[PDB]
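Novice: Going line by line, the protein sequences match chains A and B. Letter 1 of the first sequence, counting from 1, is numbered 1 in the working numbering, and no numbers are missing. Letter 49 of the second sequence, counting from 1, is numbered 103 in the working numbering, and no numbers are missing. The beta carbon of each residue, even a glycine, is placed where N, CA and C say it ideally should be. This structure is in structure tokens; I'll ask about it shortly.
2 protein chains.
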Amino acid sequence: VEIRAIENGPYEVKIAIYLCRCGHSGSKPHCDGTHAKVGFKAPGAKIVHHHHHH
Amino acid sequence: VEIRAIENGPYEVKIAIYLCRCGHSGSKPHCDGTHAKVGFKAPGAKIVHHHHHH
Ligand code: FES
Ligand code: FES
């Protein structure tokens with residue numbers, strides 16, 4: 001399981017789904033690209049990289 | 055691994071961390087409670103409940 005924040009965009013959750021973090025998606029909790037229109041800014045970040053066996 | 059959206063609040067990721075989804079945390083990507091001050095609204099939702107062995 002990998003979770004990262006995309007720069008100026010959604011969370012990517014890979015087990016891929018994209019979760020809104022700007023607050024303005026028309027289809028919460030899934031990102032629909034509204035982040036770009038509202039001018040959301042936040043840097044990329046690694047958040048979790050979990051192997052269940054470790 | 056469990057990921058859920060909290061009503062009017064953050065994503066909860068349990069392997070617990072809380073990820074901002076309103077866009078306005080002072081400590082992105084982590085929730086700091088700003089969602090309540092800005093009046094963010096979104097319902098609760100189950101998103102993933104993954105067992106690596108299944
Ligand atoms: S982060 Fe993409 S619509 Fe909100
Ligand atoms: S969801 Fe809590 S500060 Fe944004």
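Which residue wins for smallest C-alpha separation from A96 (chain B), given the options B:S81, B:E56 and B:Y65?
Specialist: B:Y65
Novice: Run through chain B and tell me which residues come within less than 9 Å of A45 (chain A), C-beta to C-beta.
Specialist: Correct list: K82 and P83.
Novice: Return yes when at least one heavy atom of ligand 1 lies under 7 Å from the C-beta of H24 (chain A), else no.
Specialist: yes
Novice: Considering only the alpha carbon of each residue, which of A:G33, A:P29, A:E2 and A:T34 lies closest to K68 (chain B)?
Specialist: A:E2
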